[PDB]
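One structure is given below, encoded as structure tokens.
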Amino acid sequence: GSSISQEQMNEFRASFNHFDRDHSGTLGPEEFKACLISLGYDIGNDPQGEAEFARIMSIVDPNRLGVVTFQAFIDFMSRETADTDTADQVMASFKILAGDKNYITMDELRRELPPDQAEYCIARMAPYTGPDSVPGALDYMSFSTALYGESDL
Ligand SMILES: [Ca+2]
């Protein structure tokens with residue numbers, strides 16, 4: 001319950017060189033939008049989202065150099081704490097995280113996600129618990145599409 005972590009921004013600042021088309025240490029407009037694909041951005045390759053992407057490109061330029069910097073990228077990363085349609089792509093990572101197992105532990109989500117994104121994921125994930133279960137197991141693939149408790153009202 002504190003949004004992005006200091007550690008999340010510290011490992012995610014490395015994404016500054018991950019998708020960097022020219023490796024300038026900064027993602028430009030067409031470059032930033034490509035980096036963001038792997039994060040599950042709120043924009044897409046459509047004419048409306050490219051305008052909104054440019055709206056963000058203006059706020060992730062705090063140095064007025066026209067390029068996205070490490071301290072700028074975090075601005076989007078803290079938004080990650082809200083739902084998206086692209087979010088299906090990023091949630092696919094839970095299968096890689098699990099590897100072979102049919103459930104993920106809360107601890108495994110809390111390995112790749114130090115921040116609130118871990119608790120967000122844990123909450124919507126299917127509650128696999130009981131004595132036959134290990135403490136803090138969740139079904140990553142059979143997760144609740146109805147969120148943590150937004151049913152049977
Ligand atoms: Ca660049």
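Chain identifiers are assigned as A, B, and so on, following the order in which chains appear in the structure tokens; residues are numbered from 1 within each chain, and ligands are numbered from 1 in order of appearance.
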If we count only C-alpha atoms, what is near residue A:123 at a cut-off of 12 Å, once residues fewer than 5 positions away on the same chain are taken out, given as an MDAnalysis selection string?
chainID A and resid 106 109 116:118 128 136:140 143:150
Compute the set of protein, DNA and RNA residues whose minimum atom distance to ligand 1 is at most 6 Å, using only C-alpha atoms and all ligand atoms, and state it as a list in words.
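With only C-alpha atoms and all ligand atoms and a cut-off of 6 Å, ligand 1 is contacted by residues 20, 21, 22, 23, 24, 26, 27 and 28 of chain A.
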So that each row is one residue of stretch 12-42 of chain A with an atom at most 8 Å from stretch 47-54 of chain A, can you give its shortest atom pair and the distance in Å to one decimal, using only C-alpha atoms, rows by chain and rising number, as JSON lines?
```
{"residue": "A:29", "atom": "CA", "partner": "A:54", "partner_atom": "CA", "distance": 7.5}
{"residue": "A:33", "atom": "CA", "partner": "A:53", "partner_atom": "CA", "distance": 7.1}
{"residue": "A:42", "atom": "CA", "partner": "A:49", "partner_atom": "CA", "distance": 7.7}
```
Run DSSP on the backbone and grab whatever in chain A lands in strand (DSSP E or B); send it over as a ChimeraX atom specification.
/A:27,68,104-105,126-128,137-139
Let me make sure I understand: among A:45, A:38, A:2, A:69, which one has the smallest atom-to-atom distance to residue A:14 if we use only C-alpha atoms?
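The shortest atom-to-atom distance to residue A:14 comes from A:69.
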